[PDB]
């Protein structure tokens, strides 16, 4: 029933419009804003703990918006609460990564961080260039597809509503909603990207999105070894809860 597909699509697009940390309008105005050399130096001078704490806050900030995104999606809130929790815990960062592509400049490889765009050298103090490089390469590759806001909305929702997450009690229900989302997205893609493979190319990036996020979890686990106190007493409570 196209009627249902359309309503589901509109609801997700509406939710996305109302729940990104940065609206398209704000992004357009923040377009030409890269950190100054002094600001970049400042970032590189921060301790590893200090920068990690800053990164943890920014990520948590973005994750909180993904939670709002999910709550405004009718089909999501119809899933039993247990699965809602599982989808969010396993997919919040993946959605943030997809959304991050909206705030990534593929010409000079810079990402919006704390109000301005900065290259990967901005994260030097993390001592995790492999993680950063992987995050940037994905963003750069997703940006090459030139997705519209509607496509990003629908795709980010498909990433979130994944019937493959382990421990789901009612996977089939998640699968059913995700199929309606993918079918909606496939049609939207026709409006833009003439000559595609686009949906298939997007779907093929799913495992990559997950690899970047697992790498994040790994880098974090080691950080917890070196600085346990900073994690349990300084990082945002939600960040600790989701990745510990």
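Positions refer to the first chain, counted from 1.
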Completion exercise
Entry B factor averaged over C-alpha atoms, 37-45 against 181-189: higher for 37-45
Completion exercise
Going by the entry, of stretches 22-30 and 50-58 the one with greater average Cα B-factor is 22-30
Fill in the blank from the handout: Chain-relative C-alpha B factor for residue 127 (record values, thirds): the highest
Completion exercise
Split the chain's modelled residues into thirds by Cα B-factor; residue 14 lands in the middle
Fill in the blank from the handout: residue 133: C-alpha B-factor third of its chain, per the entry, is the middle
Practice task
Going by the recorded CA B-factors, say which third of the chain residue 210 sits in, lowest, middle or highest.
Solution key: lowest
Practice task
Taking the chain's C-alpha temperature factors as the reference, tell me which third residue 202 falls into: lowest, middle or highest.
Solution key: middle
